[PDB]
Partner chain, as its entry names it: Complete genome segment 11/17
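A single chain comes next, written as structure tokens; it is the form deposited without its partner chain.
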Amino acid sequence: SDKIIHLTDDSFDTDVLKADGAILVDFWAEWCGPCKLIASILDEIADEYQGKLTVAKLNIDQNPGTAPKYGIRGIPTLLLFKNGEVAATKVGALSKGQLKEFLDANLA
């Protein structure tokens, strides 16, 4: 977890919106089962894509203000921001392979 950014409603506008590059935001909560699966593979993802991707997590129970700004309906939901704009969206549980496919198709 040394490369995973911990976001809050208070730092989202700065850490995400004012950043140029690609940032993957993982919206999760402790009660969400599928979220735990995705969480166990992020450290590997952050290492493999470092230099071209930053991985961040935001707990919606502790920080309830951000998700509604993007109309998120449920979790897990992964949003890929590029220079402060949503460039890709993925909802539901996914295997390591599917996540890697989602990233390769959307990054550069």
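Positions refer to the first chain, counted from 1.
Although not depicted, the form deposited with its partner chain bound is the subject of the following passage.
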(request) Look up in the entry with it bound whether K52 has a non-hydrogen atom within 4.5 angstroms of its partner chain, and give yes or no. (result) no
(message) With the partner left out here, check for me: in the entry with it bound, does some heavy atom of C32 sit within 4.5 Å of its partner chain?
(response) yes
(message) Is it the case that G84, even though its partner is missing from this view, gets within 4.5 Å of its partner chain in the entry with it bound, heavy atoms only?
(response) no
(request) Considering only heavy atoms, tell me if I60 and its partner chain come within 4.5 Å of each other in the entry with it bound. (result) yes
(request) State yes only if every one of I5, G21 and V25 has a non-hydrogen atom within 4.5 Å of its partner chain in the entry with it bound; otherwise state no. (result) no
(message) Using a 4.5 Å cut-off on any heavy atom, which residues of 80-105 would contact its partner chain in the entry with it bound?
(response) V91, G92, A93
